[PDB]
Asker: 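The structure's right below; bear with me while I get my questions together.
Numbers restart at 1 for each chain; the letters A, B, ... are given by sequence-line order, proteins then strands. As a basis for the values below, the full set of heavy atoms in this structure was taken, side chains included, without hydrogen atoms, waters or symmetry mates.
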Amino acid sequence: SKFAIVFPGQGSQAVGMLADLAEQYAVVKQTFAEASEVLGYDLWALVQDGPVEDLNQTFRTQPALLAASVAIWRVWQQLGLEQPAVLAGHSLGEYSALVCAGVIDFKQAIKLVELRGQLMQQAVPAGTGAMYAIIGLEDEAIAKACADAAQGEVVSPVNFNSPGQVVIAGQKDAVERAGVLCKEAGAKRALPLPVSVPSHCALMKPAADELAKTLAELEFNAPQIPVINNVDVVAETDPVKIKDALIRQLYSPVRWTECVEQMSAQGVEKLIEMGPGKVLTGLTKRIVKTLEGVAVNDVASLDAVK
Amino acid sequence: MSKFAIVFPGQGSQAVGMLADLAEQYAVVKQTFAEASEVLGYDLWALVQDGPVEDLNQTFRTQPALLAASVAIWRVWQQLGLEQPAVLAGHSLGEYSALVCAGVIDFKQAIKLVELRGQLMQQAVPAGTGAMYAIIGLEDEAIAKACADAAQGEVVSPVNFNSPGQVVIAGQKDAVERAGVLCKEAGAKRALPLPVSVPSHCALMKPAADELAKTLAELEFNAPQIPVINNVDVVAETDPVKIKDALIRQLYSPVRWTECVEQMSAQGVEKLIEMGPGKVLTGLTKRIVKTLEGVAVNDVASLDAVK
Ligand SMILES: CCCCOC(C)=O
Ligand SMILES: [Cl-]
Ligand SMILES: [Cl-]
Ligand SMILES: [Cl-]
Ligand SMILES: [Cl-]
Ligand SMILES: [Cl-]
Ligand SMILES: [Cl-]
Ligand SMILES: [Cl-]
Ligand SMILES: [Cl-]
Ligand SMILES: [Cl-]
């Protein structure tokens with residue numbers, strides 16, 4: 001195949017998502033119904049009606065996004081559409097990729113990502129962590145800025161999203177010091193992100209240790225379609241190593257630009273974003289200028305890509 | 001159609017890729033964003049379609065992006081010759097969208113205004129000194145009591161009345177955190193800390209509002225062509241100086257959305273149609289007066305529901 005499918009994460013959710021697709025394909029509401037059975041609440045109703053403040057809490061957003069992406073995947077499979085060459089996803093999206101590749105049972109994945117969200121929220125006391133988007137600065141300069149700012153505390157790049165789009169996170173004061181240094185190094189902008197969880201840095205390690213205990217209780221199978229992991233940019237096939245990659249993913253940076261580059265290096269020419277919004281699609285052509293990127297999350301978009 | 005109102009969303013309803021479908025089909029959509037871009041000095045449509053999402057989410061960018069989105073849809077609605085609504089209203093930023101659509105404020109001037117509004121809001125208090133919580137399951141008077149008990153001499157107040165049992169509070173960070181605990185002790189079902197730096201719609205915005213007033217003094221406002229119910233007083237104001245004043249008071253006062261929806265029902269409105277990205281306000285209507293839940297309009301297919 002000359003195309004890949006990628007799955008978005010936190011931030012891509014929207015009240016009303018997938019309404020159009022649900023009207024035409026019963027598998028959408030069926031997928032959400034399965035998710036609701038293991039969550040103990042009506043996930044479809046939350047997604048369609050809100051309250052949005054509840055949908056935006058990570059322990060609800062994660063299963064909402066996982067259900068959304070898996071529902072679209074199920075429509076794709078129902079139509080017997082050609083298989084993608086490889087899958088990948090951004091942070092939560094990696095779980096979506098693993099379900100679609102047959103590694104994790106969907107119902108079990110829904111409970112797993114709900115737990116993942118809970119552990120992330122409970123990881124550090126609110127107000128002690130911070131995240132900043134650094135725009136227009138080379139990865140090497142940002143790494144240096146973080147190293148100099150650290151001064152015994154945690155501060156590191158946590159997302160490599162596109163050339164010139166990098167997110168850093170860690171202890172609040174250290175991140176703030178790093179922002180100043182990035183600006184002094186020439187960054188165009190250093191944007192404080194409204195978030196309490198300093199995701200993907202060493203502060204999440206205790207939470208990862210707890211997540212590891214839960215992964216020991218769930219069966220993972222070999223991937224049916226290759227899945228490129230965020231932590232190592234590897235299409236891992238050993239299920240225990242896939243679990244290890246999820247554990248490490250939690251406290252390690254998301255190497256998204258490399259994931260996309262890896263897809264291109266293999267011969268993929270198009271990335272289909274399977275989930276709400278078009279966030280990842282915006283990154284695709286910034287990473288590899290020749291790649292085509294399209295989002296599929298409604299009847300119109302599904303129809304155009306068939 | 002039955003007598004209806006159009007309501008406009010605020011901060012949170014933006015999404016990367018919004019209006020792509022509609023922009024492929026009707027020239028006025030990109031024309032509208034191009035007018036905004038002229039004023040802003042950057043390509044707003046490019047930001048909305050490609051990100052960076054972190055830039056789109058900064059309030060001084062989000063506000064013009066949403067204003068442009070809603071006005072774009074309004075222009076398509078008019079081009080297609082769809083029926084006039086009886087009244088308009090919107091949530092916080094959405095009030096500006098309503099005022100442009102009602103012919104009160106010139107679109108390009110409004111774009112400048114909301115960019116400035118966002119900037120002043122961001123600068124109001126140092127980041128880390130304010131907080132905001134969503135409280136679910138308590139009546140307005142219990143929330144007010146929790147905030148008073150929490151204050152300890154600081155500012156903490158309800159800042160949005162979104163539906164019965166859905167209230168947002170904001171103010172000084174510690175005070176707001178105390179208020180969250182007090183709401184739970186009073187029987188709130190949920191007290192959710194929100195990832196937001198700016199404690200909007202409380203007294204901490206008074207200085208920003210004073211500065212916004214200086215700019216409003218330089219923009220021409222005209223009498224509305226369609227009634228607009230304001231968030232601050234729940235009044236269909238027709239005097240443009242009073243509309244300006246309502247915008248300045250709005251900044252440091254609570255958004256009385258529940259009452260806005262009820263007042264629409266009072267004026268004979270049978271349905272509220274949400275006009276902008278997402279379906280956020282559509283869900284609130286359901287929780288205020290069930291029978292006023294109307295169709296949502298923001299993509300090509302949905303224009304059929306209102307034709
Ligand atoms: C055919 C719909 C456009 C009529 O104008 C109105 C309702 O003001
Ligand atoms: Cl989010
Ligand atoms: Cl929120
Ligand atoms: Cl995540
Ligand atoms: Cl900026
Ligand atoms: Cl697309
Ligand atoms: Cl807000
Ligand atoms: Cl937002
Ligand atoms: Cl375009
Ligand atoms: Cl606002």
Asker: Can you tell me which portion of A:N161 sits under 4.5 Å from chain B's heavy atoms? Options are side chain, backbone, both or neither.
Answerer: side chain
Asker: Using non-hydrogen atoms and a 4.5 Å limit, figure out which bit of A:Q57 sits close to chain B: side chain, backbone, both or neither.
Answerer: side chain
Asker: Flag the one option from A:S196, A:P51, A:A300, A:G11 with the top tally of heavy-atom pairs under 4.5 Å to chain B.
Answerer: A:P51
Asker: Going by heavy atoms in the side chains, are B:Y133 and B:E177 under 4.5 Å from each other?
Answerer: yes
Asker: Any idea which of B:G128, B:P195, B:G283 has the most non-hydrogen atom pairs under 4.5 angstrom with chain A?
Answerer: B:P195
Asker: Mind ranking A:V52, A:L283, A:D54, A:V167 by heavy-atom pairs under 4.5 Å with chain B and telling me who comes out on top?
Answerer: A:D54
Asker: Taking all heavy atoms of A:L65 and all of A:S96, pick out the closest pair and write down the distance.
Answerer: O-OG, 4.3 Å
Asker: Do the side-chain N and O atoms of A:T58 and A:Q10 include a donor-acceptor pair separated by under 3.5 angstrom?
Answerer: yes
Asker: Any side-chain heavy-atom pair from A:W256 and A:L280 closer than 4.5 angstrom?
Answerer: yes
Asker: List the atom of B:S37, the atom of B:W45, and the distance in Å for their closest heavy-atom pair.
Answerer: OG-N, 4.3 Å
Asker: I need the minimum non-hydrogen distance between A:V299 and A:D20, along with the two atoms involved.
Answerer: N-OD2, 2.7 Å
Asker: Check each atom of B:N57 against the heavy atoms of chain A and say whether the ones under 4.5 Å are side chain, backbone, both or neither.
Answerer: neither
Asker: Which heavy atom of B:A146 sits nearest to which heavy atom of B:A179, and what is that distance?
Answerer: CB-O, 4.2 Å
Asker: Please look at A:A133 and chain B and tell me whether the side chain, the backbone, both or neither of the residue comes under 4.5 angstrom of a heavy atom of that chain.
Answerer: side chain
Asker: Which one of B:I136, B:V196, B:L192, B:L194 has the most heavy-atom pairs closer than 4.5 Å to chain A?
Answerer: B:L192
Asker: Between B:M205 and B:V198, is any pair of side-chain heavy atoms under 4.5 Å apart?
Answerer: yes
Asker: With respect to chain A, which residue among B:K173, B:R287, B:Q166 yields the maximal number of heavy-atom pairs within a distance under 4.5 Å?
Answerer: B:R287
Asker: Does any backbone or side-chain atom of B:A296 lie under 4.5 Å from a heavy atom of chain A? Answer side chain, backbone, both or neither.
Answerer: neither
Asker: Please state whether the side chain, the backbone, both or neither of B:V280 comes within less than 4.5 Å of a heavy atom of chain A.
Answerer: both
